[PDB]
């Protein structure tokens, strides 16, 4: 019993989505990241071009939209897999290959593909935009390492730890750090790293992450964490999860409205990218198994302007004294 999603945000998709999808399907087939035709079909069936065309709907350069979409395909293909000890090494190697073009594949299937993506990013993006994506990619790999860690030990994390980890393990950091690369609109340091923008970025990531949890009811996820800790039933957890998520999005809209008016063209595009991304991520979740009409919740299920109790690690999102920008 799944309530409709609260997402009063702009929905749009690149007009050239289908041309990019074609080129991306080509690159998947040639990438070497897939053993069998059955594995390609699985990665092709993620419709990651359709996903990311919703994040950068007006990207001037079709090739930047392709490069950024390819990573999303790479991410789905990488996460369809490993013990923590081998993973920590593999995470280290893959991330080195992202940062070091002279790194060699050593027969690892994912490294050439990521290095082809990195080479496309280095031919378009500034060294600054590449370093942002690089750091986001390591943050994601740390999240995955954390989640594989918990599973191998049978640690079910409490809410604060789950939300912190899922911030990273969902792949939201690298996805949102590709907005600039797709658009070409370079956000200056003093704007991109304002705490206020950091909280907007994390809050957009968290809501996309909790919406991915919801699209997965069909084993570390907000529902398990709430059931295991708060002794809730599935329904009671579904209802509590929707309240957490809707409260976070409410904070996002509020902080966004405080921040958007003073913003430069580049930060402004980035912020419309967060919004497009949150909505795109929800809409892609509903439309992926395409053209049927979607139903959306008109109101938050919880309107509280105060921080989530039991999640101190995300409380600073609500602390305007800390975010004076």
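Positions refer to the first chain, counted from 1.
Enquirer: Indicate whether the chain is continuous between residue 289 and residue 290 or, if not, how many deposited residues are absent from the coordinates: none, 1 to 3, 4 to 9, or 10 or more.
Expert: The entry has a long gap there, with 10 or more residues left out between residue 289 and residue 290.
Enquirer: According to the PDB entry, how many deposited residues between residue 81 and residue 82 are absent from the model (none, 1 to 3, 4 to 9, 10 or more)?
Expert: Missing residues, residue 81 to residue 82: 4 to 9.
Enquirer: Could you settle it for me: does 57-65 or 295-303 have the higher average Cα B factor in the PDB entry?
Expert: That would be 295-303.
Enquirer: Of 234-242 and 159-167, which one has the bigger average CA B-factor?
Expert: The recorded data point to 234-242.
Enquirer: Checking the entry, which one of 267, 278, 70, 34 has the top C-alpha B factor?
Expert: Largest recorded C-alpha B-factor: 34.
Enquirer: Based on the entry's values, in what third of the chain does the Cα temperature factor of residue 211 lie: lowest, middle or highest?
Expert: Middle third by C-alpha B-factor.
Enquirer: With respect to C-alpha B-factor, does residue 147 fall in the lowest, middle or highest third of the chain as deposited?
Expert: Tercile = middle for this residue's CA B-factor.
Enquirer: Lowest, middle or highest third: which one holds residue 42 when the chain's residues are ordered by CA B-factor from the entry?
Expert: Its C-alpha B-factor, which the entry lists for residue 42, ranks in the highest third among residues of this chain.
Enquirer: Name the third of the chain's ranked CA B-factors that contains residue 16, choosing lowest, middle or highest.
Expert: Middle third by C-alpha B-factor.
Enquirer: Where does the C-alpha B-factor of residue 101 rank in its chain, lowest, middle or highest third?
Expert: Its C-alpha B-factor, which the entry lists for residue 101, ranks in the middle third among residues of this chain.
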